[PDB]
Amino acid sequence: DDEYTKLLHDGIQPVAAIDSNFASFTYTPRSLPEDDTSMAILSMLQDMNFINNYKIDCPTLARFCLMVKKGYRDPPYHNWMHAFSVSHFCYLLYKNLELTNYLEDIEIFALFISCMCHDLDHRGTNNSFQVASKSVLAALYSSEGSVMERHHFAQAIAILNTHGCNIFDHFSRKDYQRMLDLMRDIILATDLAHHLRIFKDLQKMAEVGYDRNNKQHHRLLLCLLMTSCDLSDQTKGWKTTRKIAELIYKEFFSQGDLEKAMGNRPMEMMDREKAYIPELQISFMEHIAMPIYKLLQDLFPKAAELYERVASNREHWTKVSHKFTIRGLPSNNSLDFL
């Protein structure tokens, strides 16, 4: 009630007022208090001129932002602060990379909105868990795959179909259909299996050179950009990436505990008795995150620093891995842990 009232009547605060470094790749959006994030979303939308350009109703946009935020639960990693930080990176790509020379205005808008919605109602477990636990979400979507991603998309649509929240409701039939198709494609691209399926096509696109007149290049670029936002925690400083690791493994390990309770053997990365965090993170950096940011660098020369930071963080896991071995005694001078 009161949150909506202040967003609506206080006016959209200037983006520069959030932090002097807010538009830099070195800014860490997790630094912003959660209570200030809904206004920051409106400030970013305004700074990208989407509110004016698409003549978005302000009461409707306020209601939509609050409803999207309210649509996240609170597991350790897949919560609203993740969606907010993913959306922020999308803003950073816009401000720093000149996306308008590559993408249509409506595609950029859809990317940002998709970022806000892309993990809606996440329950802290992955696609395989849905299927193994015979969840309602799997009853609905398992035959199509990307179970959680389909749910996230369905949740975004349900918000738009809530009276008072359809920020697109004045769009023409064609523009409305375009927006919803984009949101579908972008949200589904956050599944790893999807990314692995298109990786060679992404390589081929970077090799031949981006063609702005090629519809398929637009679609491929949107997928790559979405994935670069989803993984953007890795482009920050060491301290950020370390904290994020903690949150991700806490969540992964909770899942593994539930799998064990159902009589299943969890994947090693979900198994708190077998997971060795440094190797797992080095592998993620080397085999998944680094190639994504190397691709981004191939397409946007100004994205070079991003790849350099992810590479630097990968190096830091190597340097710190020796500390995971217990030399001497533990701090309590006891071998009670056996």
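Each residue number is its position in the shown sequence, starting from 1. In this text, the rigid core denotes the largest set of C-alpha atoms whose superposition between the two forms falls within 1.5 Å.
Where the structures in 9 other deposited structures of this protein are fitted on the rigid core, 267-275 is the one of 43-51 and 267-275 whose C-alphas sit farther from the shown form on average. Larger average C-alpha displacement in 9 other deposited structures of this protein, relative to the shown form after a rigid core fit, is seen for 120-128 when comparing 69-77 with 120-128. Remark: stretch with higher mean C-alpha B factor among 123-131 and 106-114 is 123-131. Of the two segments examined, 298-306 and 49-57, it is 298-306 that shows the higher average Cα temperature factor in the deposited entry. Ranking 150, 212, 82, 250 by the C-alpha B-factor listed in the PDB entry places 212 at the top. Split the chain's modelled residues into thirds by C-alpha temperature factor. Residue 63 is in the lowest one. The deposited CA B-factor of residue 194 belongs to the middle third of values across its chain. Residue 267 sits in the highest third of its chain by CA B factor, as recorded in the PDB entry. Residue 231: CA B factor in the lowest third of modelled residues in this chain (values from the PDB entry).
Residue 181: CA B factor lies in the lowest third for its chain, per the PDB record.
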